[PDB]
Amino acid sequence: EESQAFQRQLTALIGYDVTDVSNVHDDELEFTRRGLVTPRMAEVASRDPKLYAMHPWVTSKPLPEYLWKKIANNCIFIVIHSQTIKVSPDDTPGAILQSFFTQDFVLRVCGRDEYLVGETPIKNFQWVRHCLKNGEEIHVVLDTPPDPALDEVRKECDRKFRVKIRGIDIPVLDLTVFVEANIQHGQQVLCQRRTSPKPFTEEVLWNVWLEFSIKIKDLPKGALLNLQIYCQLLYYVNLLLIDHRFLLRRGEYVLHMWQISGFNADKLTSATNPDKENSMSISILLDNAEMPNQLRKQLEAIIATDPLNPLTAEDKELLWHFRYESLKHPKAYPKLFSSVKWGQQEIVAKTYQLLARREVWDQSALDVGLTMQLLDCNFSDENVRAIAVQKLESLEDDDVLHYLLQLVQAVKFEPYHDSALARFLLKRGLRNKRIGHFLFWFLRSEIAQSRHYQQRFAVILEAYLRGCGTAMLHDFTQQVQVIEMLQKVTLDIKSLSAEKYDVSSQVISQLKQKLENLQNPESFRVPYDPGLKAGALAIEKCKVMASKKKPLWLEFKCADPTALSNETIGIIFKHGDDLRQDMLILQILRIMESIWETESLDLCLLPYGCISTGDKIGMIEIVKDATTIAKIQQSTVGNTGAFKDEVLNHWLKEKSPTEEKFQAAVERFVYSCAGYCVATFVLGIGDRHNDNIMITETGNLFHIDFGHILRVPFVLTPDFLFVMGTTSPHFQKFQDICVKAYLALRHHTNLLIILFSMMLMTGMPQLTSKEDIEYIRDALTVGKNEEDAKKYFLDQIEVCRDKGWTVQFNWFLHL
């Protein structure tokens, strides 16, 4: 029936068929599809049709200090389409309109799907704050409110634990293998057993009972039997010992395992390898007063250490014995719940009784760095994780958008498909279309290139698509059609000039040919900027990048006729690199901008849009009027390491007509340069090549390519300095802003550390040992007073000065 065709539509939008039961050994996934029906219908029935249709992008945070200095005498100007109007920062849009009349029309941004509606002061609209930040004019058309009808929804024992290892079987690959069974709880290995080593052949039968030290009723929920094969670790797979019904897992299992590549979130999945033809299989059978002062000081010191400082045994004993004292310190919760013997039923009982009375945690102000910690790989207990989700519930949509990528990623750490976190994401995406757009694209990113989690993520994405309404479904469908067309063009063009050729006649020929052939997809929403709709292509402006991986430089017209400007929307389509790394780094940069805003700073970061759409394939926003610092060098002294340091300021002058425009660009440059210095330093991506640093004609600096990130702490070359002048008066400004921004980030050390380690676990595999994570703790001068930290950053600046083009000259000889 047509219901089946609708499920087909959903499948095509998802990129995976959630009704497939070809790679399941239980009904957990379908159980979750069924359990999600209620949160979906409940948020749908709960949301306001009008605000959900117009999706006003609002914030309750106060107006920053740097935006106030840009205001007139309590007088924001709104150009309505077409007269200008004075308005008070605290003037509601409704009051604005009733003032403009002296009845039901709504103000929509010109050239955008963005609306200034709701009982919010224009002070508090992100588009208005963005216009103020960039000194643009709030241009609005008096449109008629979109029909909410277009959002309508298609209505829907004391025995010890034993595991029998029968054997392993592969048709692939003189070695020797043994099997290893672990009872794991949140990366805590409760107990461990091994089989004897038998020669590695395509079939190894043990028929061996591995008896564990843990008793059946001490198994905690969320505990995993982790089965691994060693020759080095060759393969792994995981089975939940308590399923989604709290039933002890019994029966026969034949689990197709994951292969290792010669620690990260894939090693945790409960999913089995779908590739049953080539993948290693394993076969198994289951059948079953108050403290003294010195101790107070020690406990406080422990609670004070950072999220990476590991807890010794005595530390955990102290935290557990004084658990009720520790419960008053919400900052101690991550460490307290790591001091819990989860393999002991009585201790987990005491732990739940502890969580029972948590008035201090409930009342505390939301601390995201703490919530995230509780949501990471070190916490399986769903009750421990549910309090983090509880705190998350109080985030406004603006903050949800700030943290949505890494919350979605954090879903990879949930033991079960249906989690508090999953339902929270579902709710927030259904309540608000901007969150829903990005939830769609993030879930789909992972569903398109992760067998390890595509099933769970596909269940969540289907749950979302069944409540977002048919309008947004049509939008997603158009977008997916367009992106698939364009990825087809990208790959087919990549095939045509594989290596060692810059650009051919035939190449540009075929590219323009296909783009002309493809345009006969009328209009689609820009995935990295859902307020922008792209129209026809500007075939004449589209080109093959002429990079190693020949990415596509495409440009579209804006489909919105109310659009004021005539600028095209530029998108780069790239295949060959894993752009999820870029998504993560850019999202951390956005969090850094947010942190800086809390302290009335603006470092003019340009976190360009970037959506990973598949396996080593994605799109990148084209910042208009931007060029590489390397290219500005080459243009005046081409193919030479001389790197004449006077050239950047000459270029700035050239592109800025008015000396005043030049000074504005120089100040923009001071700020954006300080911001990128601090950010790349903290993240350990500051030692980049001249070619991966771009600048807008208006002086805004910004880095690109966060996959190719490999000595110097960051890039502060003699040419940036010449744009500053070297001591000088603007270089003093640079150092001042840098110390301020660095200290501002050190004020959120914990959040930055948890986000960084999460990125390491969920982005690219690389090394991702403890060692990679520790660098950031170092760069944030953990356990240091702010004075020494400012000294540390100024020492980094001085190393930059001393090295000169040595760094850049070697980057040039190397590339």
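If you superpose the two forms and keep the largest set of C-alpha atoms that fall within 1.5 Å, you have the rigid core. When you see a residue number, it is the position in the sequence shown, counting from 1.
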query: Divergent stretch in 7 other deposited structures of this protein, 552-560 or 72-80 [C-alpha RMS, superposed by the core]; finding: 72-80
query: Stretch with larger C-alpha RMS deviation in 7 other deposited structures of this protein, core superposed, 192-200 versus 582-590; finding: 192-200
query: At least a third of the other entries leave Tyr501 unmodelled; finding: yes
query: Test item: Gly262 lacks coordinates in at least a third of other entries; finding: yes
query: Continuity check for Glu156 and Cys157, given as deposited residues lacking coordinates between them; finding: 10 or more
query: Extent of unmodelled deposited sequence, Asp174 relative to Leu173; finding: 4 to 9
query: Selected stretch [higher average CA B-factor]: 746-754 or 61-69; finding: 61-69
query: Per the entry, higher mean C-alpha B factor between 495-503 and 236-244; finding: 495-503
query: Residue with maximal Cα B-factor (values as given in the PDB entry) among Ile591, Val141, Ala332, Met372; finding: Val141
query: Identity of residue with top Cα B-factor, from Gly686, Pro415, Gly94, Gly436; finding: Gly94
query: Third of chain Cα B-factors occupied by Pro274; finding: middle
query: CA B-factor placement of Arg33, once the chain's modelled residues are sorted into thirds; finding: lowest
query: Chain third (lowest, middle, highest) by recorded CA B-factor, residue given as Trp320; finding: lowest
query: Within-chain third of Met761 by Cα B-factor, per the entry; finding: lowest
query: CA B-factor ranking of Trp553, expressed as a third of its chain; finding: lowest
